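Report on one structure; see the data block that follows.
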Amino acid sequence: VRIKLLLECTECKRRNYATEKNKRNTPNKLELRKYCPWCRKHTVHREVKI
Amino acid sequence: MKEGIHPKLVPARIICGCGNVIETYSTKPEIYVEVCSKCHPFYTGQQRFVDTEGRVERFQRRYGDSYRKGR
Amino acid sequence: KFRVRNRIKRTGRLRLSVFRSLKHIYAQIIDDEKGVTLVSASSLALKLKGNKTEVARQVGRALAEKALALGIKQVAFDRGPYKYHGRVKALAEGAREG
Amino acid sequence: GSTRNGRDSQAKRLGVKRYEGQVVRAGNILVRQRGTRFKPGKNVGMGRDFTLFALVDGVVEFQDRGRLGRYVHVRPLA
Amino acid sequence: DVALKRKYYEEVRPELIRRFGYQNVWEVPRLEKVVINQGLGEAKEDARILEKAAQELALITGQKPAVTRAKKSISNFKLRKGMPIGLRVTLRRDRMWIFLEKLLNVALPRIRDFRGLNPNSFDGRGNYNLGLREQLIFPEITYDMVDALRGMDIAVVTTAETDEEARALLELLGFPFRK
Amino acid sequence: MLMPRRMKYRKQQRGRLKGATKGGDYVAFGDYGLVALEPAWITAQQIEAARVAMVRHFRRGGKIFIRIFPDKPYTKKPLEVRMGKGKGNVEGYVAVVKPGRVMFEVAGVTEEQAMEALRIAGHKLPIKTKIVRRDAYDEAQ
RNA sequence: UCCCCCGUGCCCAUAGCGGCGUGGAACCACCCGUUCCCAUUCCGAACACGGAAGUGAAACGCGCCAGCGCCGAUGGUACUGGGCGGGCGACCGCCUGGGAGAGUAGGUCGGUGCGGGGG
RNA sequence: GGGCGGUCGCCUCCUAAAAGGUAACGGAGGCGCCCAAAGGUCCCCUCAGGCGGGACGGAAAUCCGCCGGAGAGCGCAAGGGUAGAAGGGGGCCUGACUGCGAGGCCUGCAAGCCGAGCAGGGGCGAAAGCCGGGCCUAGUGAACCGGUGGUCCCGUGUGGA
RNA sequence: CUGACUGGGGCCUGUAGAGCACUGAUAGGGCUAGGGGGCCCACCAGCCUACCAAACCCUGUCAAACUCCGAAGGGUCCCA
Ligand SMILES: [Mg+2]
Ligand SMILES: [Mg+2]
Ligand SMILES: [Mg+2]
Ligand SMILES: [Mg+2]
Ligand SMILES: [Mg+2]
Ligand SMILES: [Mg+2]
Ligand SMILES: [Mg+2]
Ligand SMILES: [Mg+2]
Ligand SMILES: [Mg+2]
Ligand SMILES: [Mg+2]
Ligand SMILES: [Mg+2]
Ligand SMILES: [Mg+2]
Ligand SMILES: [Mg+2]
Ligand SMILES: [Mg+2]
Ligand SMILES: [Mg+2]
Ligand SMILES: [Mg+2]
Ligand SMILES: [Mg+2]
Ligand SMILES: [Mg+2]
């Protein structure tokens with residue numbers, strides 16, 4: 001709460017999200033991630049401000 | 001092994017003070033003098049400082065006999 | 001008291017045991033919780049070759065053809081005291097496949 | 001002069017749920033345990049909270065014997 | 001390669017016969033390893049670690065020592081976890097004799113104290129920390145990296161049991177006596 | 001008085017007083033012993049009142065031995081207080097004793113003086129406590 | 001149809017600890033080097049590789065030593081389902097079954113499988 | 001008795017009577033979190049203390065040898081368990097996946113938890129195998145009304161909104 | 001014919017009891033890291049402590065929140 005900055009990871013090309021946090025206090029800024037979408041078959045993922 | 005930060009320890013000859021120095025391992029060829037300075041059972045390697053180098057007219061027997069005049 | 005004990009998991013219930021001495025090697029295949037050694041191929045019991053790391057190819061073919069001769073395929077491989085390095089005893093017959 | 005401390009947690013209700021000599025199915029929890037008081041033997045799997053369950057069905061058996069912990073053995077029927 | 005090895009082989013191995021030893025092949029005492037440590041000197045020389053004692057230490061013996069961690073944050077001596085402070089090295093090879101024959105012959109002169117070191121510094125199982133004071137003046141280094149006094153600490157570990165069996169070795173190898 | 005200086009927890013329960021002795025029947029220290037016969041509690045005031053009544057009675061010789069130690073806090077609520085609202089305060093530590101346990105053991109005191117001294121300290125306690133001497137009833141083999 | 005040694009097991013301290021022996025023809029360990037495949041917050045100590053001129057000192061096996069540790073019997077209560085009573089209370093007594101933990105005697109420094117080597 | 005004071009939910013130990021449960025304004029304490037590593041796989045090592053020493057050093061910094069079988073540590077209070085790792089160090093990655101889930105523990109119901117295994121596509125390891133977060137138990141909130149993306153399902157005669 | 005209950009077999013516990021090997025308190029005795037200190041000495045070149053006291057070992061204990069141990073019983077499953 002108010003340190004975690006709970007967010008969701010975007011498809012980075014079209015649509016989906018992944019719903020896991022990234023801290024604002026510790027400099028974990030712009031963390032790339034590979035995750036499993038439905039259609040695009042294990043492409044890369046990045047953050048969103050929501 | 002680990003070639004890298006570990007240097008090759010380039011050979012260099014020390015100036016052979018007390019016999020042959022242990023040979024060319026490090027690149028530091030200079031000593032002051034006298035690698036051993038003695039045979040090392042420490043055979044009184046003195047240079048005669050403030051102690052008994054000057055032994056005339058002190059640490060001697062002056063002013064007469066062995067002092068029979070006491071009582 | 002050094003031991004690593006990679007032989008403790010035992011999910012697969014059939015393993016190939018490897019012992020590397022400083023002179024030569026020998027290997028067995030054990031069946032778990034029964035205590036019966038099925039087949040084995042031992043250097044200096046069959047005295048194949050002098051160089052100790054050239055043993056692994058000929059004892060790999062020999063233990064492989066004796067394993068297929070005894071009719072066991074689904075085997076495993078232990079790494080108790082030793083690294084998977086140096087001798088490999090690589091094979092292409094039997095379900096170990098490494 | 002008031003009551004300092006009078007609250008208590010709700011019990012998570014652990015314990016041995018399937019004793020030996022019992023016919024089971026694939027998936028029955030043999031013991032709900034807090035720590036791993038029982039170690040897995042044949043056909044026994046652990047989970048997240050150290051809970052071990054049966055992989056196959058059969059007559060279960062305990063205590064293969066000690067020196068490492070108590071054992072659970074789901075033994076199949078033949 | 002060869003550095004006082006004749007004194008290593010025919011001034012030790014037959015000299016340990018007829019007065020010491022059980023006179024078989026391996027219980028005659030010998031050298032296993034000689035550990036060498038910095039231990040920061042007195043305290044932390046800097047807030048951030050600088051890694052230059054690996055450079056002048058790699059100059060005097062030609063190898064890098066491992067900078068190892070610290071224990072639990074007791075914080076009476078501003079103790080902390082991480083930011084490693086160890087500077088320990090064993091380095092047992094013939095490279096042991098490469099530096100040990102240098103400091104064996106250069107460190108007993110060229111530093112000033114009472115003549116020699118303790119024969120009471122022997123410990124159980126024969127491992128003998130000798131404990132020189134500083135030697136950054138004349139380890140033939142010519143004042144390179146004079147930050148502080150900044151000594152080091154040596155322990156020459158024998159093989160045998162007793163202090164008379166390490167004492168059988170070390171001053172027949174060339175150590176002083178009675179301080 | 002006396003009290004234990006450190007505890008894991010401050011307050012504890014009461015329980016029951018059954019059981020025979022759970023150790024403490026053989027004397028093994030002195031030549032006499034004051035042994036109890038009824039289950040009750042031993043307050044630190046009962047320890048002090050019986051301990052002073054020895055050193056004030058016999059003088060200049062004879063070491064007194066006590067083998068009782070209060071580790072049970074007697075819990076009592078304050079006066080004119082209704083029920084509930086937690087436990088009461090701790091006033092004095094008591095010592096649970098069982099029948100047939102030897103509490104007080106004189107040392108270096110003769111027959112006709114130790115019977116009298118243990119008789120004086122016997123009336124300081126709320127328990128029928130008879131007096132036993134050094135017999136051959138030890139636990140030796 | 002047997003002894004010795006090496007792998008791999010089951011018994012879960014009657015298997016260990018400590019001391020005293022003993023063994024390398026035969027395995028195994030130690031050793032001599034690192035030249036490459038490999039490595040070390042650093043080092044061939046441990047993994048890895050050529051060996052193998054020397055060894056059983058260390059470690060490792062076997063044998064002995066009960067004190068160190070451990071295991072530990074028959075009785076005897078403590079305790080207690082169940083039933084019957086006593087005491088104002090704190091708490092006790094009897095019968096029927098069950099039956100400890102300590103302590104004592106005593107035992108032990110191993111028992112038993114499978115696959116290989118030598119005679 | 002009511003008022004004043006304290007408490008209202010979750011977790012740990014006891015009370016709690018050797019299955020589970022079990023009350024009191026009974027005792028002792030914690031929580032409304034945190035970790036891109038404090039996660040997964042693979043590969044190495046065994047701790048805390050005591051003794052003998054040291055160059056400073058408190059008797060605790062760092063180093064060596066012996067004893068030490070778990071008295072340390074496991075983010076956090078307590079309990080269980082752990083060195084035949086879950087502990088400490090290093091490489092590579094994000095399974096801190098998506099659709100499901102046999103069979104169960106417990107429960108009045110609602111909830112909470114374990115989950116072998118199937119498909120797609122991955123990570124580690126040569127493989128055997130593991131990975132659907134954290135050694136575990138606390139770290140939270142049913143429903144309703146709405147906010148932001150995708151889905152193009154409905155969209156009031158028709159086509160769109 | 002499965003039920004309450006009972007008989008024959010296993011499994012489980014940590015209560016009564018008992019115990020100090022673990023967690024703490026402890027009545028004494030021996031040893032004495034050291035400390036007000038030292039009879040007082042060129043300080044280490046001591047001596048007994050009737051001064052205090054760490055840690056260790058015995059004779060002895062206590063515990064709902066201690067268990068190296070551990071029943072009687074209870075629950076569960078198979079047969080009657
Ligand atoms: Mg071990
Ligand atoms: Mg391992
Ligand atoms: Mg190994
Ligand atoms: Mg009364
Ligand atoms: Mg219960
Ligand atoms: Mg009950
Ligand atoms: Mg982890
Ligand atoms: Mg592991
Ligand atoms: Mg439900
Ligand atoms: Mg964690
Ligand atoms: Mg319209
Ligand atoms: Mg329309
Ligand atoms: Mg029936
Ligand atoms: Mg029934
Ligand atoms: Mg019955
Ligand atoms: Mg109890
Ligand atoms: Mg009791
Ligand atoms: Mg029973």
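Convention: chains lettered A, B, ... in structure tokens order; per-chain residue numbering from 1; ligands numbered from 1 as shown.
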- Message: Please identify the helix (DSSP H, G or I) residues within region 21-113 of chain F (assignment by DSSP from backbone atoms) and present them as a PyMOL selection string.
- Response: chain F and resi 44-55+111-113
- Item | Shell of 8 Å around ligand 1 (only C-alpha atoms (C1' of nucleotides) and all ligand atoms), written as a PyMOL selection string | chain C and resi 1-3
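If you count only C-alpha atoms (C1' of nucleotides) and ignore residues fewer than 6 places along the chain from residue 166 (chain E), what sits within 9 Å of it is residues 29, 30, 122, 125, 126, 127, 128, 157, 158, 159 and 160 of chain E.
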So which residues are near ligand 9, meaning at most 7 Å away with only C-alpha atoms (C1' of nucleotides) and all ligand atoms counted, given back as a PDB file with N, CA, C and O atoms (P, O5', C5', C4', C3', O3' and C1' of nucleotides), in the first residue's frame?
```pdb
ATOM      1  P     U H 107     -15.898 -29.980  10.362  1.00  0.00           P
ATOM      2  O5'   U H 107     -16.728 -28.769   9.745  1.00  0.00           O
ATOM      3  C5'   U H 107     -16.566 -27.441  10.225  1.00  0.00           C
ATOM      4  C4'   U H 107     -17.155 -26.435   9.271  1.00  0.00           C
ATOM      5  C3'   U H 107     -18.637 -26.599   8.987  1.00  0.00           C
ATOM      6  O3'   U H 107     -19.466 -26.055   9.996  1.00  0.00           O
ATOM      7  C1'   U H 107     -17.482 -26.346   6.947  1.00  0.00           C
ATOM      8  P     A H 110     -21.928 -23.450   0.190  1.00  0.00           P
ATOM      9  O5'   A H 110     -21.471 -21.932   0.348  1.00  0.00           O
ATOM     10  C5'   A H 110     -22.176 -20.885  -0.304  1.00  0.00           C
ATOM     11  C4'   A H 110     -21.744 -19.531   0.201  1.00  0.00           C
ATOM     12  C3'   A H 110     -20.282 -19.187  -0.015  1.00  0.00           C
ATOM     13  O3'   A H 110     -20.021 -18.721  -1.325  1.00  0.00           O
ATOM     14  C1'   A H 110     -20.867 -18.709   2.215  1.00  0.00           C
ATOM     15  P     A H 111     -18.667 -19.150  -2.069  1.00  0.00           P
ATOM     16  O5'   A H 111     -17.585 -18.145  -1.478  1.00  0.00           O
ATOM     17  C5'   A H 111     -16.261 -18.579  -1.226  1.00  0.00           C
ATOM     18  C4'   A H 111     -15.790 -18.144   0.137  1.00  0.00           C
ATOM     19  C3'   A H 111     -14.374 -18.557   0.493  1.00  0.00           C
ATOM     20  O3'   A H 111     -13.404 -17.679  -0.047  1.00  0.00           O
ATOM     21  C1'   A H 111     -15.816 -19.096   2.283  1.00  0.00           C
TER      22        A H 111
END
```
- Task: Could you give me, as an MDAnalysis selection string, the residues within 12 Å of region 17-21 of chain C, counting only C-alpha atoms (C1' of nucleotides) and dropping anything in the same chain fewer than 4 positions from it?
- Result: (chainID C and resid 6:7 25:32 37:44 52:53 55:56 59:60 63 75:89) or (chainID G and resid 6:8 27:29 115)
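Going from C1' of residue 10 (chain I) over to CA of residue 73 (chain D), you cover 14.7 Å.
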- Query: Counting only C-alpha atoms (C1' of nucleotides) and all ligand atoms, which protein, DNA or RNA residues come within 12 Å of ligand 16, given as a ChimeraX atom specification?
  - Reply: /H:14,18 /I:14-19,63-67,69-70
- Task: Pick out the chain E residues within 9 Å of chain G. Count only C-alpha atoms (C1' of nucleotides). Give them as a PyMOL selection string.
- Result: chain E and resi 22+24-28+33+63-68+88-93
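Identified as lying at most 10 Å from ligand 8 when counting only C-alpha atoms (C1' of nucleotides) and all ligand atoms are the residues residues 4, 5, 6, 8 and 9 of chain C; 85 and 86 of chain H.
For chain F, the residues no farther than 7 Å from chain I when using only C-alpha atoms (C1' of nucleotides) are residues 4, 6, 7, 8, 13, 66 and 67 of chain F.
When DSSP reads the backbone of this structure, the residues of chain C it assigns to strand (DSSP E or B) are residues 14, 15, 16, 17, 18, 19, 20, 25, 26, 27, 28, 29, 30, 31, 36, 37, 38, 39, 40, 41 and 42 of chain C.
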Taking only C-alpha atoms (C1' of nucleotides) and all ligand atoms into account, report as a PDB file with C-alpha atoms (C1' of nucleotides), in the first residue's frame which residues have an atom no farther than 12 Å from an atom of ligand 11.
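Once written, result13.pdb looks like this:
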```
ATOM      1  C1'   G H 155     -27.900  -2.764 -29.153  1.00  0.00           C
ATOM      2  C1'   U H 156     -35.656  -1.497 -29.243  1.00  0.00           C
ATOM      3  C1'   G H 157     -38.190  -0.788 -37.666  1.00  0.00           C
ATOM      4  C1'   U H 158     -33.624  -0.817 -40.842  1.00  0.00           C
ATOM      5  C1'   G H 159     -27.489   0.634 -41.022  1.00  0.00           C
ATOM      6  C1'   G H 160     -24.490   2.815 -37.263  1.00  0.00           C
TER       7        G H 160
END
```
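The binding environment of ligand 6, defined as every protein, DNA or RNA residue with an atom no more than 10 Å away and counting only C-alpha atoms (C1' of nucleotides) and all ligand atoms, comprises residues 16, 17, 18, 19, 20 and 21 of chain H; 13, 15, 73, 74 and 75 of chain I.
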Restricted to N, CA, C and O atoms (P, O5', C5', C4', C3', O3' and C1' of nucleotides), what would the selected residues look like written as a PDB file, in the first residue's frame?
```pdb
ATOM      1  P     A H  16      -7.043 -27.954  31.067  1.00  0.00           P
ATOM      2  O5'   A H  16      -7.341 -28.177  29.524  1.00  0.00           O
ATOM      3  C5'   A H  16      -7.891 -29.404  29.071  1.00  0.00           C
ATOM      4  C4'   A H  16      -7.872 -29.520  27.567  1.00  0.00           C
ATOM      5  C3'   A H  16      -6.518 -29.337  26.885  1.00  0.00           C
ATOM      6  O3'   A H  16      -6.409 -30.265  25.806  1.00  0.00           O
ATOM      7  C1'   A H  16      -8.085 -27.813  25.978  1.00  0.00           C
ATOM      8  P     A H  17      -5.608 -31.646  26.000  1.00  0.00           P
ATOM      9  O5'   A H  17      -6.517 -32.499  26.994  1.00  0.00           O
ATOM     10  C5'   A H  17      -5.934 -33.194  28.089  1.00  0.00           C
ATOM     11  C4'   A H  17      -6.967 -33.904  28.933  1.00  0.00           C
ATOM     12  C3'   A H  17      -7.889 -34.878  28.214  1.00  0.00           C
ATOM     13  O3'   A H  17      -7.284 -36.137  27.982  1.00  0.00           O
ATOM     14  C1'   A H  17      -9.134 -33.541  29.733  1.00  0.00           C
ATOM     15  P     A H  18      -7.601 -36.951  26.633  1.00  0.00           P
ATOM     16  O5'   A H  18      -6.537 -36.386  25.595  1.00  0.00           O
ATOM     17  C5'   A H  18      -5.193 -36.164  25.992  1.00  0.00           C
ATOM     18  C4'   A H  18      -4.232 -36.401  24.861  1.00  0.00           C
ATOM     19  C3'   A H  18      -4.786 -37.157  23.665  1.00  0.00           C
ATOM     20  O3'   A H  18      -5.527 -36.341  22.777  1.00  0.00           O
ATOM     21  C1'   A H  18      -2.725 -38.106  24.298  1.00  0.00           C
ATOM     22  P     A H  19      -6.981 -36.817  22.287  1.00  0.00           P
ATOM     23  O5'   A H  19      -6.903 -36.745  20.698  1.00  0.00           O
ATOM     24  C5'   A H  19      -5.955 -37.515  19.973  1.00  0.00           C
ATOM     25  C4'   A H  19      -6.309 -37.580  18.508  1.00  0.00           C
ATOM     26  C3'   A H  19      -6.935 -36.320  17.930  1.00  0.00           C
ATOM     27  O3'   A H  19      -5.974 -35.340  17.574  1.00  0.00           O
ATOM     28  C1'   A H  19      -8.225 -38.194  17.296  1.00  0.00           C
ATOM     29  P     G H  20      -6.127 -33.828  18.095  1.00  0.00           P
ATOM     30  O5'   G H  20      -7.358 -33.256  17.264  1.00  0.00           O
ATOM     31  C5'   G H  20      -7.253 -33.029  15.868  1.00  0.00           C
ATOM     32  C4'   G H  20      -8.575 -32.614  15.276  1.00  0.00           C
ATOM     33  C3'   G H  20      -9.273 -31.450  15.966  1.00  0.00           C
ATOM     34  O3'   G H  20      -8.780 -30.183  15.570  1.00  0.00           O
ATOM     35  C1'   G H  20     -10.812 -33.203  15.670  1.00  0.00           C
ATOM     36  P     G H  21      -8.526 -29.038  16.667  1.00  0.00           P
ATOM     37  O5'   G H  21      -9.990 -28.601  17.120  1.00  0.00           O
ATOM     38  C5'   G H  21     -10.876 -27.975  16.205  1.00  0.00           C
ATOM     39  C4'   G H  21     -12.302 -28.024  16.684  1.00  0.00           C
ATOM     40  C3'   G H  21     -12.596 -27.231  17.946  1.00  0.00           C
ATOM     41  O3'   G H  21     -12.858 -25.866  17.670  1.00  0.00           O
ATOM     42  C1'   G H  21     -13.489 -29.409  18.154  1.00  0.00           C
TER      43        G H  21
ATOM     44  P     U I  13       2.079 -39.745  16.984  1.00  0.00           P
ATOM     45  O5'   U I  13       1.583 -38.604  17.976  1.00  0.00           O
ATOM     46  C5'   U I  13       0.812 -37.508  17.491  1.00  0.00           C
ATOM     47  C4'   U I  13      -0.348 -37.170  18.402  1.00  0.00           C
ATOM     48  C3'   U I  13       0.028 -36.672  19.796  1.00  0.00           C
ATOM     49  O3'   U I  13      -0.921 -35.694  20.215  1.00  0.00           O
ATOM     50  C1'   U I  13      -1.299 -38.624  19.982  1.00  0.00           C
ATOM     51  P     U I  15       1.647 -32.819  26.939  1.00  0.00           P
ATOM     52  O5'   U I  15       0.584 -33.124  28.085  1.00  0.00           O
ATOM     53  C5'   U I  15      -0.734 -32.604  28.017  1.00  0.00           C
ATOM     54  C4'   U I  15      -1.708 -33.454  28.796  1.00  0.00           C
ATOM     55  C3'   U I  15      -1.162 -34.131  30.046  1.00  0.00           C
ATOM     56  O3'   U I  15      -1.103 -33.262  31.164  1.00  0.00           O
ATOM     57  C1'   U I  15      -2.471 -35.666  28.797  1.00  0.00           C
ATOM     58  P     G I  73      -7.456 -49.472  28.925  1.00  0.00           P
ATOM     59  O5'   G I  73      -8.408 -48.199  29.010  1.00  0.00           O
ATOM     60  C5'   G I  73      -9.146 -47.763  27.879  1.00  0.00           C
ATOM     61  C4'   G I  73      -9.355 -46.270  27.905  1.00  0.00           C
ATOM     62  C3'   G I  73      -9.984 -45.668  26.661  1.00  0.00           C
ATOM     63  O3'   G I  73     -11.396 -45.784  26.655  1.00  0.00           O
ATOM     64  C1'   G I  73      -8.091 -44.396  27.282  1.00  0.00           C
ATOM     65  P     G I  74     -12.170 -46.234  25.321  1.00  0.00           P
ATOM     66  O5'   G I  74     -12.074 -44.960  24.370  1.00  0.00           O
ATOM     67  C5'   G I  74     -12.693 -43.732  24.723  1.00  0.00           C
ATOM     68  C4'   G I  74     -12.278 -42.624  23.790  1.00  0.00           C
ATOM     69  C3'   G I  74     -12.453 -42.915  22.307  1.00  0.00           C
ATOM     70  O3'   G I  74     -13.773 -42.668  21.853  1.00  0.00           O
ATOM     71  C1'   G I  74     -10.285 -42.067  22.687  1.00  0.00           C
ATOM     72  P     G I  75     -14.401 -43.550  20.668  1.00  0.00           P
ATOM     73  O5'   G I  75     -13.697 -42.990  19.353  1.00  0.00           O
ATOM     74  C5'   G I  75     -13.893 -41.647  18.935  1.00  0.00           C
ATOM     75  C4'   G I  75     -12.909 -41.256  17.863  1.00  0.00           C
ATOM     76  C3'   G I  75     -12.914 -42.122  16.614  1.00  0.00           C
ATOM     77  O3'   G I  75     -13.941 -41.758  15.709  1.00  0.00           O
ATOM     78  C1'   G I  75     -10.687 -41.780  17.333  1.00  0.00           C
TER      79        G I  75
END
```
Enumerate residues in contact with ligand 13: an atom-to-atom distance of at most 10 Å, counting only C-alpha atoms (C1' of nucleotides) and all ligand atoms. Format the result as a PDB file with C-alpha atoms (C1' of nucleotides), in the first residue's frame.
```
ATOM      1  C1'   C I   1     -27.600 -56.070   8.540  1.00  0.00           C
ATOM      2  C1'   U I   2     -24.806 -51.506   7.232  1.00  0.00           C
ATOM      3  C1'   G I   3     -26.372 -48.928  13.174  1.00  0.00           C
ATOM      4  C1'   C I  79     -13.474 -59.055   9.652  1.00  0.00           C
ATOM      5  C1'   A I  80     -17.149 -61.240  13.097  1.00  0.00           C
TER       6        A I  80
END
```
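Near ligand 10, at a distance of at most 7 Å and with only C-alpha atoms (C1' of nucleotides) and all ligand atoms counted, sit the residues residues 38, 75 and 134 of chain H.
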Selection to disk with N, CA, C and O atoms (P, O5', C5', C4', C3', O3' and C1' of nucleotides), as a PDB file, in the first residue's frame:
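Listed below is the output, out-v7.pdb:
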```pdb
ATOM      1  P     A H  38      18.128 -11.514  -2.932  1.00  0.00           P
ATOM      2  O5'   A H  38      17.167 -12.163  -1.839  1.00  0.00           O
ATOM      3  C5'   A H  38      17.245 -13.549  -1.517  1.00  0.00           C
ATOM      4  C4'   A H  38      15.955 -14.077  -0.931  1.00  0.00           C
ATOM      5  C3'   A H  38      14.756 -14.117  -1.881  1.00  0.00           C
ATOM      6  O3'   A H  38      13.953 -15.258  -1.587  1.00  0.00           O
ATOM      7  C1'   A H  38      14.245 -12.755  -0.013  1.00  0.00           C
ATOM      8  P     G H  75      12.985 -15.929   6.036  1.00  0.00           P
ATOM      9  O5'   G H  75      13.608 -14.491   5.740  1.00  0.00           O
ATOM     10  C5'   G H  75      14.601 -13.926   6.584  1.00  0.00           C
ATOM     11  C4'   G H  75      14.176 -12.575   7.101  1.00  0.00           C
ATOM     12  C3'   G H  75      13.117 -12.595   8.195  1.00  0.00           C
ATOM     13  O3'   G H  75      13.697 -12.731   9.483  1.00  0.00           O
ATOM     14  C1'   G H  75      12.485 -11.069   6.491  1.00  0.00           C
ATOM     15  P     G H 134       4.857 -20.665  -2.639  1.00  0.00           P
ATOM     16  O5'   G H 134       6.085 -19.837  -2.056  1.00  0.00           O
ATOM     17  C5'   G H 134       7.424 -20.251  -2.303  1.00  0.00           C
ATOM     18  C4'   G H 134       8.412 -19.133  -2.073  1.00  0.00           C
ATOM     19  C3'   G H 134       8.838 -18.930  -0.621  1.00  0.00           C
ATOM     20  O3'   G H 134      10.199 -18.509  -0.588  1.00  0.00           O
ATOM     21  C1'   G H 134       7.858 -16.947  -1.432  1.00  0.00           C
TER      22        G H 134
END
```
- Using only C-alpha atoms (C1' of nucleotides), find which residues of chain F lie within 10 Å of chain G and jot them down as a PyMOL selection string. chain F and resi 16-22+38-40+139-141
Could the residues in this selection be written to a file with N, CA, C and O atoms, as an mmCIF file, in the first residue's frame?
```
data_model
loop_
_atom_site.group_PDB
_atom_site.id
_atom_site.type_symbol
_atom_site.label_atom_id
_atom_site.label_comp_id
_atom_site.auth_asym_id
_atom_site.auth_seq_id
_atom_site.Cartn_x
_atom_site.Cartn_y
_atom_site.Cartn_z
ATOM 1 N N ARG F 16 -4.140 -29.234 40.713
ATOM 2 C CA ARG F 16 -4.590 -30.029 41.847
ATOM 3 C C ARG F 16 -3.395 -30.344 42.745
ATOM 4 O O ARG F 16 -2.265 -29.923 42.487
ATOM 5 N N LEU F 17 -3.658 -31.098 43.814
ATOM 6 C CA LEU F 17 -2.630 -31.446 44.786
ATOM 7 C C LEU F 17 -2.485 -32.955 44.946
ATOM 8 O O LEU F 17 -1.954 -33.416 45.960
ATOM 9 N N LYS F 18 -2.943 -33.734 43.969
ATOM 10 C CA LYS F 18 -2.847 -35.180 44.053
ATOM 11 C C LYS F 18 -1.435 -35.648 43.704
ATOM 12 O O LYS F 18 -0.555 -34.860 43.348
ATOM 13 N N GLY F 19 -1.227 -36.953 43.805
ATOM 14 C CA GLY F 19 0.088 -37.548 43.696
ATOM 15 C C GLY F 19 0.711 -37.741 45.063
ATOM 16 O O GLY F 19 0.362 -37.074 46.035
ATOM 17 N N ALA F 20 1.649 -38.686 45.128
ATOM 18 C CA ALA F 20 2.194 -39.030 46.434
ATOM 19 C C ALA F 20 3.279 -38.060 46.879
ATOM 20 O O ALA F 20 3.059 -37.271 47.801
ATOM 21 N N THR F 21 4.444 -38.086 46.226
ATOM 22 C CA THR F 21 5.500 -37.127 46.545
ATOM 23 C C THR F 21 6.154 -36.481 45.328
ATOM 24 O O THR F 21 6.343 -35.258 45.341
ATOM 25 N N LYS F 22 6.408 -37.233 44.254
ATOM 26 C CA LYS F 22 7.275 -36.865 43.129
ATOM 27 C C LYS F 22 8.623 -36.342 43.642
ATOM 28 O O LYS F 22 9.003 -35.186 43.469
ATOM 29 N N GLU F 38 0.170 -33.503 54.795
ATOM 30 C CA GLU F 38 -1.062 -33.032 54.183
ATOM 31 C C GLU F 38 -0.746 -32.093 53.027
ATOM 32 O O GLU F 38 0.215 -31.318 53.102
ATOM 33 N N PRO F 39 -1.526 -32.136 51.944
ATOM 34 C CA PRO F 39 -1.246 -31.257 50.800
ATOM 35 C C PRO F 39 -1.750 -29.839 51.046
ATOM 36 O O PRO F 39 -2.932 -29.622 51.328
ATOM 37 N N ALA F 40 -0.841 -28.873 50.941
ATOM 38 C CA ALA F 40 -1.175 -27.462 51.080
ATOM 39 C C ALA F 40 -0.111 -26.645 50.357
ATOM 40 O O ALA F 40 0.707 -27.182 49.605
ATOM 41 N N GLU F 139 18.465 -44.368 49.221
ATOM 42 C CA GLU F 139 18.270 -44.963 47.901
ATOM 43 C C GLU F 139 19.574 -45.497 47.325
ATOM 44 O O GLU F 139 19.794 -45.452 46.112
ATOM 45 N N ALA F 140 20.458 -46.005 48.179
ATOM 46 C CA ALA F 140 21.750 -46.505 47.736
ATOM 47 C C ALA F 140 21.681 -47.996 47.407
ATOM 48 O O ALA F 140 20.798 -48.724 47.871
ATOM 49 N N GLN F 141 22.639 -48.449 46.599
ATOM 50 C CA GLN F 141 22.735 -49.865 46.244
ATOM 51 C C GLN F 141 24.056 -50.471 46.698
ATOM 52 O O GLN F 141 24.176 -51.686 46.843
#
```
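Once only C-alpha atoms (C1' of nucleotides) and all ligand atoms are used for the distance check, the residues close to ligand 7 at 12 Å turn out to be residues 35, 37, 38, 39, 40, 41, 74, 85, 86, 87, 88, 133, 134 and 135 of chain H.
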